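Let me begin by presenting the structure, written as structure tokens, before commenting on it.
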Amino acid sequence: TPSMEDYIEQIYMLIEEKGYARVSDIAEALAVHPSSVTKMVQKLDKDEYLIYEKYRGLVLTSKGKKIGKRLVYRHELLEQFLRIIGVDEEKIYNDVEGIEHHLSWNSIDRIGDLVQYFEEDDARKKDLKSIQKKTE
Amino acid sequence: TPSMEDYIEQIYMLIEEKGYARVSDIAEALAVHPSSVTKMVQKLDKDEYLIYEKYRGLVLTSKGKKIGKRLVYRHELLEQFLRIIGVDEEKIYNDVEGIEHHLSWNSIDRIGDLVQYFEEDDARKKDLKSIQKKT
Amino acid sequence: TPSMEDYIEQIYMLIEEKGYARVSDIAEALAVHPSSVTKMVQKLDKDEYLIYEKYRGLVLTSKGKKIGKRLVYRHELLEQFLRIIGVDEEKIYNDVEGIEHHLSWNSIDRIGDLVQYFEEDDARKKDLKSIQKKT
Amino acid sequence: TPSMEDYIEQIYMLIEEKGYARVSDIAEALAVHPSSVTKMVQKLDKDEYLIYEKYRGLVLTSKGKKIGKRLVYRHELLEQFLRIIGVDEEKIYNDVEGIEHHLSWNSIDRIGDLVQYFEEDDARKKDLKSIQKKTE
DNA sequence: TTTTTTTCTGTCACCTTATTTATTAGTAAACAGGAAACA
DNA sequence: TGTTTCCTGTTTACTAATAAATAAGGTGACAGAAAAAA
Ligand SMILES: [Mn+2]
Ligand SMILES: [Mn+2]
Ligand SMILES: [Mn+2]
Ligand SMILES: [Mn+2]
Ligand SMILES: [Mn+2]
Ligand SMILES: [Mn+2]
Ligand SMILES: [Mn+2]
Ligand SMILES: [Mn+2]
């Protein structure tokens, strides 16, 4: 099930952004009651993804850092992919969070071929925009 | 919603392919126990997607067909997109059935424009492979 | 082929009505034991009138559709004939299912002209009723 | 049922045509092997319709001759009906023998009314004959 | 010489009984929370 | 803000029961021969 990965994603993003992994701010961001977060963090601490103390914040382990880096790579790739294709901003975030878990790594690899195709050249992007507008 | 769209999609595909949809066919197509299929047909009948006759069969109403056609169109379009981009053959069917239900129809339409950008010209499909090969 | 034409006739009607033909519904329609329905379905499958799938169902082929479409027209025409002529509605169905399989198509074609002769005017049917009401 | 009525019908027709009915005449009339005729004469002896002798012949009783004339009436009426509406002369007989056994007597009476309707006025036949060719 | 009955014996028509599969109806129980509590 | 303790539906199998579809056997009228009676 998909709900297992986003906690690692969020913990990584949070310790890079503000160095403060905590039970509070990862709850409202997911729009869930903090008791579910309390249960999940304690479930996955037992799988070596975390470092924890009864009155201290969380820290990532050696494997958690690189797993989270891959997750952030995937999320950041897909956001700019969808912007290149041209879906309006209001849609992008939840579209990415919807698909990011079900794509296999072969598809994430081959999407890298596609995103570079429209970024290392100026013209192909404008051809794609011309087609996009020709039947809007 | 996703979990009902899967059943509408599969029922439509079976009707289209062979003219009748059976509980024992939907169960394999979805890889579920048939009790779930019957308990879900008796749930789609009250939303008027289906006409359900107990121990006899089921049929799509005019509401159901209009949805099923769009669902199958989305399925084929996403498969063709992944095939144009070059995903491994065995993985395409696993990825498409995963992502398809979370995608807004807005991005489905924009993918429908992306697919024809490359379908328009034989040159582009290997210009892209010129990006691929230098990895 | 009287005994064989009835199955195709009823299967066509039942597909147009329900959307699917089931062995038990055919058995009730022809008023026979369902094993006699199975035994005849497996024969129509080898005469190529229909496609049969074991424990799954039936589909009419291009032969069977065009045959049954004509048989149903014959049925409706004979019902309309006996209803024009003044027979009480109890016995019309039994008479039709009795005679329809023994009439040649020349007879059917001329009965169509007779029915049209009576449906193109109103005075003709009342002269016919006026002769019935004294002979 | 067909094979039960047609022996009375054909025996009556032969008795009125020639004054006597042999077993061979019935076998040829129904196109069957004569032993099938004798084993049916056994079934009719049991039912009072006729008088039988082991090697001499058949004679209809007062019961048989009443029914046989009504069956001959049905035959002649249906033949005249099919001949009025324009069926080809060679097609008539085989169509009559097919339906005479399944039409109930109510339909036969109504068919008699229909035959009267055309036989009492010549113009109706001309109207029907015009429409009969209008679209061939 | 030609019918006209008595047996032989074959397909067949259709139903009864049994069997194999498919469909439906509860029971359960592990999940995913989540309303009150704390600190 | 950092968690704990019972509640509270959801989702899916599983196990039973219920019916539907199919196959293996019988009967038994109806032909069609081929001898036999006349
Ligand atoms: Mn996520
Ligand atoms: Mn993400
Ligand atoms: Mn689907
Ligand atoms: Mn799909
Ligand atoms: Mn019929
Ligand atoms: Mn009919
Ligand atoms: Mn007859
Ligand atoms: Mn006759």
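We number each residue from 1, going along the chain as drawn.
Cβ coordinates are placed from backbone N, Cα and C, and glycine is handled just like the others.
Pulled from Swiss-Prot:
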{"type": "BINDING", "residues": "A:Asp6, A:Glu97, A:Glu100, A:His101", "note": "Mn(2+) 1 binding site"}
{"type": "BINDING", "residues": "A:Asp6, A:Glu97, A:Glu100, A:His101", "note": "Cd(2+) 1 binding site"}
{"type": "BINDING", "residues": "A:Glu9, A:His75, A:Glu97, A:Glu100", "note": "Cd(2+) 2 binding site"}
{"type": "BINDING", "residues": "A:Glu9, A:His75, A:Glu97, A:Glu100", "note": "Mn(2+) 2 binding site"}
Express the distance between the Cα positions of A:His75 (Cd(2+) 2 binding site) and A:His101 (Mn(2+) 1 binding site) as a whole number of Å. 10
Between A:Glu100 (Mn(2+) 1 binding site) and A:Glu9 (Cd(2+) 2 binding site), how many Å separate their Cα atoms? 11
Within 8 Å of the Cβ centroid of the Cd(2+) 1 site residues A:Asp6, A:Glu97, A:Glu100, A:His101, which other residues of the same chain have their Cβ? A:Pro2, A:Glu5, A:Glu9, A:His75, A:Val96, A:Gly98, A:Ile99
If you take the centroid of the Cβ atoms of A:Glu9, A:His75, A:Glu97, A:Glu100, the listed Mn(2+) 2 site, which other residues of that chain have their Cβ within 8 Å of it? A:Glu5, A:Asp6, A:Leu71, A:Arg74, A:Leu78, A:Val96, A:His101
Alpha-carbon distance [A:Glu9 (Cd(2+) 2 binding site); A:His101 (Mn(2+) 1 binding site)] in Å: 11
May I ask for the distance between A:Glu97 (Mn(2+) 1 binding site) and A:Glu9 (Cd(2+) 2 binding site), taken between their Cα atoms and rounded to an integer number of Å? 11
Quick one: of A:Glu9, A:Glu97, A:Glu100, which of the binding-site residues has the smallest count of other CB atoms within 10 A? A:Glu97
For A:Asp6 (Mn(2+) 1 binding site), which residues of its chain lie six or more apart in sequence with Cβ-Cβ distance below 8 Å? A:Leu30, A:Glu97
Which secondary structure state does DSSP assign to A:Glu97 (Mn(2+) 1 binding site), in the simple three-class scheme? helix
Ten-angstrom check, please: count other Cβ atoms within 10 Å of the Cβ of A:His75 (Cd(2+) 2 binding site), all chains counted. 16
Let me know the DSSP-derived helix, strand or coil state of A:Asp6 (Mn(2+) 1 binding site), please. helix
